[PDB]
Amino acid sequence: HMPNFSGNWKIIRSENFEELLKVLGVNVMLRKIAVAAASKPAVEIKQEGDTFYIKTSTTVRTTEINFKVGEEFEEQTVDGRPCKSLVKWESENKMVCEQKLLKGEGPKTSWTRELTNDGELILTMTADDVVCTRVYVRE
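Its PDB header names X-ray crystallography as the technique used to obtain the model and reports a resolution of 1.75 Å.

In UniProt, the protein chain has this text filed under Function: "Transports retinoic acid to the nucleus. Regulates the access of retinoic acid to the nuclear retinoic acid receptors." UniProt, in its Subunit section for the protein chain, records the words "Interacts with RXR and RARA (By similarity). Interacts with importin alpha."

Right, let's talk about the nonpolar core for a bit. Membership of the largest hydrophobic core comes to 28 residues, with the highest contact counts inside it found for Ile45, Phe67, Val87 and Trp111. Secondary structure elements with two or more residues in this core: α1 (17–23), β2 (42–48), β3 (51–57), β4 (62–68), β7 (94–101), β8 (109–115), β9 (121–127) and β10 (130–138). Here this core gets 4 residues from one element, more than from any other, and that element is β9. The residues touching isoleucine 45, leaving out its near neighbours within four places in the chain, are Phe5, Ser6, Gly7, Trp9, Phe52, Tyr53, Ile54 and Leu121.

What follows deals with the UniProt feature "binding site: all-trans-retinoate" in the protein chain. If you check UniProt for "binding site: all-trans-retinoate", the listed places come out as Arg134, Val135 and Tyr136 in our numbering. In the annotated set above, the residues contributing to the lining of the largest pocket are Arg134 and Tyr136. As for its placement among the helices and strands, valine 135 is situated in strand β10. Since its relative accessible area comes to 5%, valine 135 is described here as buried.

We now examine the layout of surface pockets. The volume enclosed by the largest pocket comes to roughly 1,100 Å³. Looking at the largest pocket, it is lined by 38 residues, and the ones nearest its centre are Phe17, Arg61, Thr63, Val78 and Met125. For the lining of the largest pocket, the elements supplying multiple residues, two or more each, are α1, α2 (28–39), β2, β4, β5 (73–76), β8, β9 and β10. Across the lining of the largest pocket, the residue classes break down as 21 nonpolar, 11 polar and 6 charged.

What counts, and where the lines are drawn
- Residues numbered from 1 in each chain as written, not as in the entry; some residues may be left out.
- Heavy atoms only, no water.
- Residues with missing side-chain atoms left out of burial classes, pairs and counts.
- UniProt positions renumbered as here; feature names shortened; annotations may be inferred.
- Core = buried A, V, L, I, M, F, W, Y, C linked by side-chain atoms within 4.5 Å.
- Buried < 20%, exposed > 50% of the residue type's maximum accessible area, 1.4 Å probe, protein only.
- Helix = DSSP H or I, 4+ residues; strand = E, 2+ residues; numbered from the N terminus.
- Contact = heavy atoms within 4.5 Å.
- 1 Å grid on protein atoms, 1.4 Å probe; cavity = no way out; pocket = protein on both sides within 12 Å on 5 of 7 lines; lining within 4 Å.
- Points joined across faces, edges and corners; volume = space filled by probe spheres on them.
- Nonpolar A, V, L, I, M, F, W, Y, C, P; charged D, E, K, R; others polar.

Right under this line is the structure:
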């Protein structure tokens, strides 16, 4: 069966978040703000088959993404550059999003979301060879 990502998700683990921003050129004062924002975010997912809504809410920022697997959409890279994105299923339990910048050149960026059999949601965000991993459990 297709996974069901729907719910409210609580972060339990993170690796390399600030490092990812640093290698992307984000200045230290903005990283410090980002890191504070990213410590205790609210994450809501509503999945209806291949249609997703994901809301990630921090003190300073709310991001609402709407996509259907296999259909191009617009978002921004983790460091705030506008991109066209496309999500596909990689496995029964994991989706992968490839991003292309709207204008100009940059590192290859992407993200993945997986729902483990144990009920953990795993997000990764990648810029070239550097990967941030975040793990969440359903509230």
